[PDB]
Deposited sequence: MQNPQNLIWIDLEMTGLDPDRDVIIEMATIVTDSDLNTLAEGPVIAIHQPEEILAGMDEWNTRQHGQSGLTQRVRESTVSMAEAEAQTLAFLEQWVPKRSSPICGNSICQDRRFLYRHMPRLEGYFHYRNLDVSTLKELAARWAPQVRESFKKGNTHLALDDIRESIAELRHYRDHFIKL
């Protein structure tokens, strides 16, 4: 069932932009094979945080997490950061061995940095490689603007599915295979 060529896709929500001063409040994962076929969708987990952390968010995060329902889900969650990390690792372990997959998604440098601080056991499960779909988004915007225009989610798994679909789009119309 484990395959070292399978890909781990991850997306997080955070209370702010600083991986060391802010925290993770939501995570989700999807596993694909190396040709981007979805093998399994992981758990979507709202991570409990104290009220003062929620009250401390800036105006943008307060509005966005408020109206998406995440703020309420964080208040009501009984899942700690460590429990969410363990739940996600239990899912990924069924599909990918340790240190085999890059971290995959859009601008996943930000996600890796938050994982390194807040979920280091999960961060350490990834290969050191980053697979950043937004690197290809930037190159397509400058070299083939038509490929971008030929391609507005808020739910966690919708966001990851769109990242996978974006890479599939570049593999099909931007990359010479």
Query raised in the report: What residue ranges of the deposited sequence are absent from the coordinates?
Result: 152 to 154
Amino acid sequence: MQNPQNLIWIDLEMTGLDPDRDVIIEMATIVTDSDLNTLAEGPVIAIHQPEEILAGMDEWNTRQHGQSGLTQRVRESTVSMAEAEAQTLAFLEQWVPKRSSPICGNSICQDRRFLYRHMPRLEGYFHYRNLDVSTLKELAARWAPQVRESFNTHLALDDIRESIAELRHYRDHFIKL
From here on, numbers count along this sequence of modelled residues.
Requested in this report: Averaging only over Cα atoms, indicate whether 127 to 135 or 34 to 42 has the higher B-factor in the PDB entry.
Outcome: 34 to 42
Requested in this report: Check the entry's C-alpha temperature factors for 53 to 61 and 23 to 31, then say which stretch has the higher mean.
Outcome: 53 to 61
Report summary line: Scanning 119, 108, 47, 144 for peak Cα temperature factor in the entry gives 144
Report task. Rank-wise, by C-alpha B-factor, drop residue 88 into the lowest, middle or highest third of its chain. Result -> middle
Query raised in the report: Based on the entry's values, in what third of the chain does the Cα temperature factor of residue 8 lie: lowest, middle or highest?
Result: lowest
Report summary line: Here the Cα B-factor of residue 100, set against its chain, lands in the third termed highest
Query raised in the report: Mind checking which third residue 94 falls in for C-alpha B-factor across the chain?
Result: highest
